[PDB]
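Let me begin by presenting the structure, written as C-alpha cells, before commenting on it.
A quick note on method: Cβ atoms are made from the backbone with ideal geometry, for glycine too, and the neighbour counts reach across all protein chains shown. Taken together, the values in this text are just the output of simple stated rules run on the coordinates, not laboratory data.
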Amino acid sequence: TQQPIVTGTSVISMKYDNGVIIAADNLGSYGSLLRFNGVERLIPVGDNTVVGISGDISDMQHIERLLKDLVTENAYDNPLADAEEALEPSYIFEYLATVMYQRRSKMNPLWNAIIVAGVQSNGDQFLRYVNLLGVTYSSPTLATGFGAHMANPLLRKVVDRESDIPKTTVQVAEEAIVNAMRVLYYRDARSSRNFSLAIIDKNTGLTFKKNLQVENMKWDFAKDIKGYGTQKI
Amino acid sequence: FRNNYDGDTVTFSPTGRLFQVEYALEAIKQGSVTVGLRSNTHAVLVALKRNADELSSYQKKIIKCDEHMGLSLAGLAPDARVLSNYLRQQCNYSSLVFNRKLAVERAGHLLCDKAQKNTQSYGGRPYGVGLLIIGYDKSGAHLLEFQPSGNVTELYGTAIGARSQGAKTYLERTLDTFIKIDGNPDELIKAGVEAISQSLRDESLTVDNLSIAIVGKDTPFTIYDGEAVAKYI
C-alpha cells in the first residue's frame with residue numbers, strides 16, 4: 001500500500017472506422033504543484049500499439065521499462081518477431097492486466113489507470129482499460145480520471161454504439177479528441193495545455209504527434225463578469 | 001573407456017561423449033515406432049501402440065498439450081507424462097497471461113532447456129524418452145523432433161522408435177508429395193499410415209493397434225483410436 005506522488009491526469013481515447021486515437025497531456029503534477037511539463041504519458045509498443053498511462057509517474061516509468069523488456073524478450077529466438085510473431089495489442093494488454101491484478105492482490109498496487117490502444121494483425125481495433133484494482137473493460141470510447149466524466153460524454157455523441165464506428169472518420173474522430181482536450185484544460189485543475197496524440201490506423205500505421213497545444217479557446221466573455229451577485233463595476 | 005565414464009550424467013568421456021545421455025537415447029530405439037508429417041494446412045501424428053499380452057491394453061502414445069498442439073512418445077512413458085505436463089503448463093501460461101497461443105518453435109526451445117538441465121547436474125538423470133510435437137500456430141503447420149540430449153529439430157516429416165529408419169527413408173522419398181497435401185486431412189493420414197507400415201515386420205496394423213492424431217487450420221488437436229481409425233487399415 002502506497003500513495004501516488006508525481007501524477008498524470010486524464011488519458012482519453014476512441015475508435016474510428018479504420019483504427020484508434022489516444023491522447024494525454026504532458027504534465028507530471030506534485031499535488032497542486034504543476035511540477036513537470038515535459039512528461040510523455042503515451043508509450044508506443046512496436047508499430048501497432050500505444051499504451052496511455054495516468055496516475056503515479058514513478059510506476060508509469062516502471063511499466064515503461066516492463067514494455068521495453070517485453071519487446072526484447074519477444075525477439076529472442078523469434079525469426080518472425082517483426083512479422084507473424086510480433087506483439088499484438090491484445091498481448092500487451094493481457095500482460096499488463098495480469099500484473100495489475102496480481103499487484104492489487106498483493107496489497108501493493110501499481111497506482112495507475114491504463115488504456116491500451118492499437119490495431120490487431122487482422123485489422124480489428126483494440127481498445128481496453130485496466131487500473132490499479134485490476135478492473136478491465138472495453139468500450140468504443142475510453143477515458144481515465146476527469147476524462148471519464150467530461151470527455152466520454154462528448155466522444156459518445158460521435159460514437160454512441162458499435163454501429164457508429166464504421167461511420168466515423170479519422171478527421172471527425174481526431175477533432176472530437178482535440179475538442180475534449182480543450183474542455184479538460186478548461187475544467188481540470190491538474191491539466192496542461194500541451195499534449196501528445198497518437199493515431200493507430202490499419203492502413204497508415206502509427207502516427208505519433210508531439211507538442212500539440214489547446215487552441216481556439218473562448219475567454220472574452222470573462223470581461224463582462226464582475227462581482228459575485230450585486231456588484232456592477 | 002566407457003566403463004569408467006558412464007556412471008553419471010556429470011562426466012565427459014575422453015572423446016567428449018556423454019554416455020548416460022546416449023543410454024537414455026537407447027531407450028527410445030527400444031520404444032515402439034511413431035511417425036510425424038505435415039503439409040502447409042495440417043500436421044499428423046501416427047503411432048504404433050505396443051501391448052504386453054493379448055490380455056493387456058495397448059499403451060497409448062499420443063498426448064494432447066493444448067487445442068492447437070500435442071505430441072507422440074517413444075521410450076519411457078512416465079517421462080513423456082512429465083514433459084507433456086510441462087508443455088501443457090507453458091501453453092496454458094501463454095494463454096492466461098498473454099492471451100497468446102504458444103508458438104510450436106518456442107515449445108521446442110522450452111523442452112530443449114528442460115532436458116538440458118538434467119544432462120549437466122549431479123544426481124539427476126536424463127529423460128529416457130523422445131517426442132514428436134505437431135501443431136498449428138500463427139505461422140502454419142509444424143512438426144518437431146525432441147531427443148533427451150536437449151536437441152530439438154523442426155522437420156517436414158520424421159519417425160522415432162524401433163525400425164524407424166524404414167518410415168524415415170519412405171518420407172524422405174515421398175517429401176514432394178505429402179507436403180503438397182493441402183486442405184485434405186484424410187490423404188495426409190494415408191501417407192502417415194503408409195510410412196508407419198514401412199517400419200512393420202512383426203505384425204499388421206489392427207484396429208486397437210493404431211493411434212492417429214491431427215491438427216491444422218480449422219482442426220483442433222484430436223486423437224483417433226479404435227473403430228475411428230478402421231478406415232485407414
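Which one of A:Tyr137, A:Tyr129 is in contact with a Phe, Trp or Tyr (Cβ under 9 Å, 6 or more places away or on another chain), free of Cβ contacts under 8 Å to residues at least 60 places away in the same chain and buried (at least 19 other Cβ atoms within 10 Å of the Cβ)?
After applying the criteria, what remains is A:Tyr129.
B:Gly140 fails exactly one of the following numbered conditions: (1) on the phi > 0 side of the Ramachandran plot; (2) within 17 Å of the chain's Cα centre (by Cα). What is the number of that condition?
Looking at each condition in turn, B:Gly140 falls short on (2).
Tell me which of these A:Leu80 doesn't satisfy, since it passes every other one: (1) under 16 Å from the mean Cα position of the chain (by Cα); (2) among the aliphatic types (A, V, I, L, M); (3) assigned to a loop (DSSP other than H, G, I, E, B); (4) within 14 Å of another protein chain (Cβ to nearest Cβ).
For A:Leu80, the exception is condition (1).
Can you confirm whether A:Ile57 is touching a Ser or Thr at 6+ places or on another chain (Cβ under 7 Å) and within 25 Å of B:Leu110 (Cβ to Cβ)?
The answer is no for A:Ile57.
Condition first: in a strand (DSSP E or B) and surrounded by 20 or more Cβ atoms within 10 Å (Cβ to Cβ). Now tell me which residues in region A:44-67 satisfy that.
Hits for region A:44-67 are A:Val45, A:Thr49, A:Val50, A:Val51, A:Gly52, A:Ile53, A:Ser54, A:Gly55, A:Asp56.
Do we find that A:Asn74 is away from every other protein chain (no Cβ under 14 Å) and either within 27 Å of A:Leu33 (Cβ to Cβ) or in a helix (DSSP H, G or I) (or both) in this structure?
Criteria not met by A:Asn74.
Tell me whether region A:29-42 contains one or more residues that are among the polar types (S, T, N, Q) and within 11 Å of another protein chain (Cβ to nearest Cβ).
No - not one qualifying residue is present in region A:29-42.
Looking only at region B:55-102, filter to residues that are among the small types (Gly, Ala, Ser) and farther than 30 Å from A:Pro89 by Cα; which one of those is farthest from the chain's Cα centre (by Cα)?
B:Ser56
Taking the condition of being over 20 Å from A:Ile21 (Cβ atoms) and away from every other protein chain (no Cβ under 12 Å), how many residues in region A:101-141 meet it?
Qualifying residue count for the region: 15.
Can you tell me which residues in region A:85-120 are over 23 Å from the mean Cα position of the chain (by Cα) and free of Cβ contacts under 8 Å to residues at least 12 places away in the same chain?
Answer for region A:85-120, where residues must be over 23 Å from the mean Cα position of the chain (by Cα) and free of Cβ contacts under 8 Å to residues at least 12 places away in the same chain: A:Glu85, A:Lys106.
Please specify each residue of region A:86-95 satisfying the condition of being in a helix (DSSP H, G or I) and facing chain B (nearest Cβ under 10 Å).
Those that are in a helix (DSSP H, G or I) and facing chain B (nearest Cβ under 10 Å): A:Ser90, A:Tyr91, A:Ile92, A:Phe93, A:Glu94, A:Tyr95.
Can you name the residue in region A:68-94 that is of a type in the set (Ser, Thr, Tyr) and out of contact with any helix residue (DSSP H, G or I) (no Cβ under 8 Å at 6 or more places or on another chain) and is also surrounded by the most Cβ atoms within 10 Å (Cβ to Cβ) among such residues?
Per the stated criteria, the residue is A:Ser90.
Residue-wise test of (1) closer than 13 Å to B:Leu45 by Cα; (2) not small (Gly, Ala, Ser).
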site	(1), (2)
B:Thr169	no, yes
B:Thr174	no, yes
B:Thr177	no, yes
B:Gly183	no, no
B:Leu200	no, yes
B:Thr206	no, yes
B:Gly216	yes, no
B:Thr222	yes, yes
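Scan region A:8-21 and give yes if some residue there is more than 15 Å from the chain's Cα centre (by Cα), more than 19 Å from A:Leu142 (Cα to Cα) and surrounded by fewer than 24 Cβ atoms within 10 Å (Cβ to Cβ), otherwise no.
There is no residue in region A:8-21 that is more than 15 Å from the chain's Cα centre (by Cα), more than 19 Å from A:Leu142 (Cα to Cα) and surrounded by fewer than 24 Cβ atoms within 10 Å (Cβ to Cβ).
Do you know which residues across region B:1-35 are surrounded by 20 or more Cβ atoms within 10 Å (Cβ to Cβ) and in a loop (DSSP other than H, G, I, E, B)?
The answer is B:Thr9, B:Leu18, B:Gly31, B:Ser32, B:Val33.
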